[PDB]
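Below is one structure; the comments refer to it alone.
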Amino acid sequence: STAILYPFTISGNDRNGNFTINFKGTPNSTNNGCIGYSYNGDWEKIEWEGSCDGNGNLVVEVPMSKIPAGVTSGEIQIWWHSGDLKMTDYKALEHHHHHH
Ligand SMILES: C[As](C)(=O)[O-]
C-alpha cells in the first residue's frame, strides 16, 4: 500500500449532512486522496483534493449523499501529498473522531 490509511465505520442508512475531515500538513502543500468504501464487492472511491493554508490546515467536506446506502465501512486515504500531511479528525453523522 502506497496510501496513508484511516479506517472508519458509519451507519448504513443515515446520509444527512457532510463527511468532514481535518488534515494537518506543510503550509501551502498540495494534496489529494479519497474516501474509499466497499459496496457490493467493489471498492469505490470518492476523490478529494486541496491545499493546506498558511496554518497547515486543510478541511475537506464530502456530502454523505455520495456514499451509497448500505455501506458501513471504508478508509479515508491520502494519495498525493507534496510535503507532510496527516488526518487529525473527522466528523460524519453523529461520530466526532479524533486520530491520536
Ligand atoms: C469517539 As473516537 C474513540 O472515534 O475519537
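In listed order, ligands and their atoms are each counted from 1. Residues: numbered from 1 along the sequence shown. Only heavy atoms go into these numbers, but all of them, side chains included; no hydrogens, no water, no symmetry mates.
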Checklist line | Per atom 1 (C) of ligand 1, closest listed option by heavy atom (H97, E94, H96, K91) | finding: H96
Margin query: Suppose we measure from atom 5 (O) of ligand 1 to each protein heavy atom; which comes out shortest, and what is that distance?
Written below: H98 N, 3.0 Å
Notebook entry, point to check: Looking only at side chains, do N31 and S29 share a donor and an acceptor under 3.5 Å apart?
Noted result: yes
Notebook entry, point to check: Is the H95 ring parallel, tilted or perpendicular to the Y90 ring (thresholds 30°, 60°)?
Noted result: perpendicular
Next item on the list: Look at ligand 1 and say whether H95 reaches it with a heavy atom at a distance under 4.0 Å.
Entry: yes
Next item on the list: To the nearest 0.5 Å, tell me how far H97 NE2 sits from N22 CG.
Entry: 11.5 Å
Checklist line | Interatomic spacing from CZ in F8 to NE2 in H99 - rounded to 0.5 Å | finding: 15.0 Å
